[PDB]
>>> print(open('structure_11.txt').read())   # compact mmCIF, C-alpha atoms
# COMPACT_ATOMS: atom_id res chain seq x y z
CA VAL P 1 196.09 26.32 103.44
CA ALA P 2 194.03 27.80 100.59
CA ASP P 3 191.47 26.87 97.91
CA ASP P 4 194.34 24.88 96.43
CA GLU P 5 194.05 22.36 99.30
CA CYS P 6 191.49 20.34 97.32
CA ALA P 7 193.92 20.12 94.39
CA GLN P 8 197.02 19.70 96.58
CA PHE P 9 195.41 16.70 98.29
CA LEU P 10 194.90 15.13 94.87
CA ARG P 11 198.40 16.20 93.83
CA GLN P 12 199.63 14.50 97.02
CA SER P 13 198.31 11.09 96.00
CA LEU P 14 199.43 11.67 92.43
CA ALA P 15 202.98 12.44 93.50
CA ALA P 16 202.81 9.57 95.99
CA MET P 17 202.30 7.17 93.09
CA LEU P 18 205.34 8.68 91.42
CA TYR P 19 207.13 8.60 94.78
CA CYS P 20 207.92 12.23 94.33
CA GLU P 21 207.52 15.29 96.46
CA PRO P 22 204.34 17.25 95.59
CA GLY P 23 206.10 20.54 96.19
CA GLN P 24 208.22 20.21 93.06
CA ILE P 25 205.34 20.23 90.64
CA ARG P 26 204.20 21.97 87.52
CA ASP P 27 200.47 22.82 87.93
CA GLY P 28 200.08 22.62 84.19
CA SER P 29 201.58 19.15 83.91
CA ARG P 30 199.47 16.84 81.87
CA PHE P 31 198.40 13.50 83.50
CA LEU P 32 200.05 11.55 80.65
CA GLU P 33 203.41 13.28 81.39
CA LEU P 34 203.15 12.46 85.05
CA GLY P 35 202.50 8.88 84.17
CA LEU P 36 199.06 8.49 85.56
CA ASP P 37 198.20 5.48 83.48
CA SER P 38 194.57 4.50 83.02
CA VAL P 39 194.92 1.65 85.58
CA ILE P 40 196.33 4.00 88.20
CA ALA P 41 193.97 6.78 87.09
CA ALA P 42 190.96 4.58 87.82
CA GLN P 43 192.33 3.81 91.29
CA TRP P 44 192.95 7.49 91.85
CA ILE P 45 189.41 8.32 90.69
CA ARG P 46 187.92 5.77 93.10
CA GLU P 47 189.88 7.39 95.93
CA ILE P 48 188.46 10.81 95.00
CA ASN P 49 184.98 9.29 94.89
CA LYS P 50 185.40 7.77 98.35
CA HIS P 51 187.26 10.54 100.21
CA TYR P 52 185.45 13.55 98.77
CA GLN P 53 182.07 11.74 98.56
CA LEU P 54 181.05 12.16 94.90
CA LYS P 55 181.07 10.15 91.71
CA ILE P 56 183.54 11.24 88.92
CA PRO P 57 182.44 10.46 85.36
CA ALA P 58 185.57 8.75 84.04
CA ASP P 59 185.98 11.14 81.11
CA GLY P 60 187.17 13.89 83.46
CA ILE P 61 190.89 13.17 82.90
CA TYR P 62 190.07 12.66 79.24
CA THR P 63 188.53 16.10 78.93
CA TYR P 64 190.90 17.89 81.31
CA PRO P 65 194.49 16.74 80.76
CA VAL P 66 195.70 19.17 83.43
CA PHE P 67 195.05 18.32 87.11
CA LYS P 68 194.57 21.96 88.02
CA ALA P 69 191.77 22.35 85.43
CA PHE P 70 190.38 18.93 86.33
CA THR P 71 189.07 20.36 89.63
CA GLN P 72 186.25 21.92 87.55
CA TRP P 73 185.15 18.38 86.85
CA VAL P 74 185.65 17.29 90.42
CA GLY P 75 184.09 20.19 92.34
CA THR P 76 180.98 20.17 90.20
CA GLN P 77 180.17 16.64 91.42
CA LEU P 78 179.76 17.82 95.00
CA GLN P 79 176.17 17.04 95.93
CA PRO P 80 174.20 20.13 97.02
CA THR P 81 172.44 17.96 99.63
CA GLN P 82 175.21 17.35 102.15
CA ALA P 83 174.14 19.71 104.88
CA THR P 84 170.40 19.93 104.66
CA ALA P 85 169.38 16.31 104.16
CA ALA P 86 167.32 15.35 107.19
CA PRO P 87 164.07 13.49 106.40
CA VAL P 88 162.85 13.82 109.99
CA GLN P 89 164.00 16.02 112.86
CA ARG P 90 161.51 15.34 115.61
CA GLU P 91 159.08 13.66 113.31
CA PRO P 92 157.82 10.27 114.53
CA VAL P 93 156.40 9.58 111.09
CA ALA P 94 158.22 9.72 107.74
CA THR P 95 155.09 9.63 105.66
CA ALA P 96 151.86 11.58 105.53
CA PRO P 97 148.56 9.67 105.36
CA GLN P 98 146.67 12.63 106.79
CA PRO P 99 147.98 15.43 109.06
CA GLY P 100 144.63 16.18 110.63
CA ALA P 101 143.97 14.73 114.06
CA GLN P 102 147.46 13.25 113.83
CA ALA P 103 148.74 16.79 114.21
CA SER P 104 145.87 18.40 116.05
CA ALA P 105 145.66 15.59 118.59
CA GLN P 106 145.75 17.75 121.71
CA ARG P 107 142.72 19.69 120.52
CA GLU P 108 140.52 16.64 120.03
CA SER P 109 141.91 14.90 123.11
CA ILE P 110 140.91 17.84 125.32
CA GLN P 111 137.57 18.29 123.58
CA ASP P 112 136.21 14.78 124.05
CA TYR P 113 137.69 14.45 127.51
CA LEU P 114 136.19 17.81 128.45
CA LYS P 115 132.87 16.51 127.18
CA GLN P 116 133.13 13.46 129.37
CA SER P 117 134.18 15.65 132.30
CA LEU P 118 131.16 17.95 131.86
CA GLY P 119 128.93 14.96 131.06
CA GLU P 120 129.88 13.25 134.33
CA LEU P 121 129.13 16.42 136.21
CA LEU P 122 125.98 17.28 134.29
CA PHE P 123 124.90 13.64 134.96
CA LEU P 124 123.89 13.08 131.36
CA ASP P 125 124.28 14.93 128.09
CA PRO P 126 120.80 16.28 127.14
CA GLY P 127 121.97 16.04 123.57
CA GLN P 128 125.46 16.16 122.17
CA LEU P 129 126.34 19.53 123.67
CA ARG P 130 125.47 22.78 121.96
CA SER P 131 127.62 25.45 120.42
CA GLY P 132 127.52 28.05 123.13
CA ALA P 133 125.99 26.85 126.40
CA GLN P 134 125.35 29.19 129.27
CA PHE P 135 126.19 28.96 133.00
CA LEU P 136 122.76 27.34 133.21
CA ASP P 137 124.25 24.41 131.27
CA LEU P 138 127.08 24.10 133.75
CA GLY P 139 124.82 23.44 136.68
CA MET P 140 122.74 25.39 139.16
CA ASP P 141 125.64 25.99 141.47
CA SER P 142 128.95 27.68 141.06
CA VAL P 143 130.46 24.60 142.75
CA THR P 144 130.04 22.55 139.61
CA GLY P 145 132.07 25.01 137.59
CA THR P 146 134.87 25.37 140.14
CA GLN P 147 135.23 21.60 140.61
CA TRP P 148 135.12 20.98 136.87
CA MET P 149 137.49 23.75 135.80
CA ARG P 150 140.04 22.76 138.42
CA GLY P 151 139.63 19.21 137.19
CA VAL P 152 140.36 20.38 133.62
CA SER P 153 143.34 22.24 135.03
CA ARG P 154 144.60 19.32 137.11
CA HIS P 155 144.11 16.60 134.45
CA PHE P 156 145.98 18.45 131.74
CA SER P 157 148.64 19.43 134.27
CA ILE P 158 148.12 23.16 133.81
CA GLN P 159 147.68 25.97 136.25
CA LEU P 160 144.33 27.45 135.43
CA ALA P 161 142.79 30.03 137.73
CA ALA P 162 139.18 29.43 138.79
CA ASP P 163 138.70 33.19 138.89
CA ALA P 164 138.69 32.94 135.10
CA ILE P 165 135.37 31.11 135.30
CA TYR P 166 133.73 34.47 135.53
CA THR P 167 135.34 35.49 132.28
CA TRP P 168 133.81 32.59 130.35
CA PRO P 169 130.00 32.62 130.24
CA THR P 170 130.02 29.97 127.55
CA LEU P 171 131.26 26.37 127.23
CA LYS P 172 133.12 27.08 124.01
CA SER P 173 135.28 29.69 125.65
CA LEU P 174 137.33 27.49 128.00
CA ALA P 175 137.63 24.85 125.29
CA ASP P 176 139.61 27.19 123.01
CA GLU P 177 141.45 28.71 125.97
CA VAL P 178 142.83 25.41 127.43
CA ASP P 179 144.43 24.41 124.13
CA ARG P 180 146.10 27.75 123.68
CA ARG P 181 147.21 27.61 127.32
CA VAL P 182 148.96 24.34 126.67
CA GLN P 183 150.41 25.13 123.23
>>> encode(input="structure_11.txt", output="structure tokens")
Amino acid sequence: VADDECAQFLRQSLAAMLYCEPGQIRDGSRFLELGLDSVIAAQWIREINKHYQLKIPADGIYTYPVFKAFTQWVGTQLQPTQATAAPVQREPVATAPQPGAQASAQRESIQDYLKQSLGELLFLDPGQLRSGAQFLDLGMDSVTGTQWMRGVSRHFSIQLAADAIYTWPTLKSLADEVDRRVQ
């Protein structure tokens, strides 16, 4: 129709109370002329509130005696939070205690599991790992590394090439790789 649709819709209900055709209307007609008595006005207001989804302060008609001008009082009540109002989209939590390991779960999950994987293979942890670790720390055979890395690959359901073993001379290297491979 036009921008007037908002007003016409209101004019429709107004004229419906008068049992008149909304086409034959003066846009400058004052509510009091039209006979929109306070009782009916309240009812009308409640209909606006429910069908347009807003809350009219009841002094709108009092301030704007012309229904055309009254739209300034109506349209301003439209909440600017009708489209973008989602508290969660894929979020399983609608609060934030701490977004540490709650967010970076995959990283710690791999890390500790990788430790237990290497630990099993290495037979015992001579400490609590070390930041670096050479091939010497991965066994005396290349078999230990191939078995382990394919295990890492298989457990986390990823396709990791064992030829990449020769690219990582240190324990820290596959640990940062696997996570980036997954995410």
>>> atom_distance(input="structure_11.txt", atom1="CA of residue 168 (chain P)", atom2="CA of residue 134 (chain P)")
9.2 Å
>>> atom_distance(input="structure_11.txt", atom1="CA of residue 66 (chain P)", atom2="CA of residue 23 (chain P)")
16.5 Å
>>> closest_residue(input="structure_11.txt", among="P:8, P:72, P:104, P:38", to="residue 25 (chain P)", atoms="all atoms listed in the file")
P:8
>>> residues_near_point(input="structure_11.txt", point="(194.1, 15.7, 81.6)", cutoff="12 Å", atoms="all atoms listed in the file", output="list in words")
residues 27, 28, 29, 30, 31, 32, 33, 34, 35, 36, 37, 38, 41, 58, 59, 60, 61, 62, 63, 64, 65, 66, 67, 68, 69, 70, 71, 72 and 73 of chain P
>>> residues_around(input="structure_11.txt", residues="residue 13 (chain P)", least_positions_apart="6", cutoff="10 Å", atoms="only C-alpha atoms", output="count of residues only")
6
>>> residues_near_point(input="structure_11.txt", point="(183.9, 16.2, 93.0)", cutoff="7 Å", atoms="only C-alpha atoms", output="PyMOL selection string")
chain P and resi 52+54-56+73-78
>>> closest_residue(input="structure_11.txt", among="P:1, P:45, P:6, P:118", to="residue 151 (chain P)", atoms="only C-alpha atoms")
P:118
>>> atom_distance(input="structure_11.txt", atom1="CA of residue 85 (chain P)", atom2="CA of residue 7 (chain P)")
26.7 Å
>>> closest_residue(input="structure_11.txt", among="P:40, P:124, P:175, P:161", to="residue 106 (chain P)", atoms="only C-alpha atoms")
P:175
>>> closest_residue(input="structure_11.txt", among="P:93, P:182, P:82, P:174", to="residue 111 (chain P)", atoms="only C-alpha atoms")
P:174
>>> closest_residue(input="structure_11.txt", among="P:165, P:24, P:171, P:183", to="residue 12 (chain P)", atoms="all atoms listed in the file")
P:24
>>> build_atoms(input="structure_11.txt", residues="region 25-59 of chain P", atoms="N, CA and C atoms", output="short mmCIF file (atom, residue, chain, number, x, y, z; two decimals), keeping the file's coordinate frame")
data_model
loop_
_atom_site.label_atom_id
_atom_site.label_comp_id
_atom_site.auth_asym_id
_atom_site.auth_seq_id
_atom_site.Cartn_x
_atom_site.Cartn_y
_atom_site.Cartn_z
N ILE P 25 206.36 20.61 91.58
CA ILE P 25 205.34 20.23 90.64
C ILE P 25 205.05 21.38 89.67
N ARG P 26 204.68 21.03 88.48
CA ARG P 26 204.20 21.97 87.52
C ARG P 26 202.68 21.82 87.51
N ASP P 27 201.95 22.89 87.82
CA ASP P 27 200.47 22.82 87.93
C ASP P 27 199.82 22.57 86.58
N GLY P 28 200.57 22.80 85.54
CA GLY P 28 200.08 22.62 84.19
C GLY P 28 200.51 21.29 83.58
N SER P 29 201.12 20.44 84.39
CA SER P 29 201.58 19.15 83.91
C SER P 29 200.39 18.27 83.53
N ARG P 30 200.50 17.67 82.38
CA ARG P 30 199.47 16.84 81.87
C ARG P 30 199.55 15.44 82.46
N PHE P 31 198.42 14.83 82.81
CA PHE P 31 198.40 13.50 83.50
C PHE P 31 199.33 12.47 82.82
N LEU P 32 199.28 12.46 81.50
CA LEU P 32 200.05 11.55 80.65
C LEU P 32 201.57 11.73 80.85
N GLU P 33 201.99 12.96 81.15
CA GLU P 33 203.41 13.28 81.39
C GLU P 33 203.82 12.73 82.73
N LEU P 34 202.93 12.88 83.68
CA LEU P 34 203.15 12.46 85.05
C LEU P 34 203.11 10.95 85.17
N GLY P 35 202.50 10.31 84.20
CA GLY P 35 202.50 8.88 84.17
C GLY P 35 201.34 8.29 84.90
N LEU P 36 200.25 9.01 84.94
CA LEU P 36 199.06 8.49 85.56
C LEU P 36 198.34 7.65 84.53
N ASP P 37 198.74 6.42 84.44
CA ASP P 37 198.20 5.48 83.48
C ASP P 37 196.79 5.13 83.82
N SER P 38 196.00 4.73 82.84
CA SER P 38 194.57 4.50 83.02
C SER P 38 194.26 3.60 84.25
N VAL P 39 195.07 2.56 84.44
CA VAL P 39 194.92 1.65 85.58
C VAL P 39 195.03 2.42 86.91
N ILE P 40 196.06 3.24 87.01
CA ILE P 40 196.33 4.00 88.20
C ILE P 40 195.31 5.14 88.32
N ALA P 41 194.94 5.70 87.18
CA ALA P 41 193.97 6.78 87.09
C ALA P 41 192.64 6.35 87.66
N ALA P 42 192.20 5.14 87.31
CA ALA P 42 190.96 4.58 87.82
C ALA P 42 191.00 4.47 89.34
N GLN P 43 192.11 3.95 89.85
CA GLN P 43 192.33 3.81 91.29
C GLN P 43 192.27 5.17 92.00
N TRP P 44 192.92 6.13 91.40
CA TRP P 44 192.95 7.49 91.85
C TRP P 44 191.53 8.07 91.89
N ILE P 45 190.79 7.87 90.80
CA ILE P 45 189.41 8.32 90.69
C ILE P 45 188.55 7.74 91.81
N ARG P 46 188.70 6.44 92.06
CA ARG P 46 187.92 5.77 93.10
C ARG P 46 188.24 6.35 94.48
N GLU P 47 189.47 6.81 94.66
CA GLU P 47 189.88 7.39 95.93
C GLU P 47 189.23 8.77 96.11
N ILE P 48 189.13 9.51 95.01
CA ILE P 48 188.46 10.81 95.00
C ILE P 48 187.00 10.60 95.38
N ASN P 49 186.38 9.66 94.69
CA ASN P 49 184.98 9.29 94.89
C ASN P 49 184.69 8.91 96.34
N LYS P 50 185.62 8.22 96.99
CA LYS P 50 185.40 7.77 98.35
C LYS P 50 185.77 8.81 99.41
N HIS P 51 186.83 9.57 99.19
CA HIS P 51 187.26 10.54 100.21
C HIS P 51 186.60 11.91 100.10
N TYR P 52 186.13 12.27 98.93
CA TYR P 52 185.45 13.55 98.77
C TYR P 52 183.92 13.41 98.72
N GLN P 53 183.48 12.15 98.60
CA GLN P 53 182.07 11.74 98.56
C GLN P 53 181.33 12.30 97.33
N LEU P 54 181.67 11.77 96.17
CA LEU P 54 181.05 12.16 94.90
C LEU P 54 181.33 11.07 93.90
N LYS P 55 180.79 11.15 92.71
CA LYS P 55 181.07 10.15 91.71
C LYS P 55 181.61 10.80 90.40
N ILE P 56 182.93 10.69 90.14
CA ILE P 56 183.54 11.24 88.92
C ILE P 56 183.16 10.43 87.68
N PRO P 57 182.58 11.08 86.66
CA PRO P 57 182.44 10.46 85.36
C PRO P 57 183.84 10.33 84.79
N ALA P 58 184.20 9.13 84.40
CA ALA P 58 185.57 8.75 84.04
C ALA P 58 186.17 9.48 82.83
N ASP P 59 185.45 10.39 82.23
CA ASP P 59 185.98 11.14 81.11
C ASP P 59 186.51 12.49 81.58
#
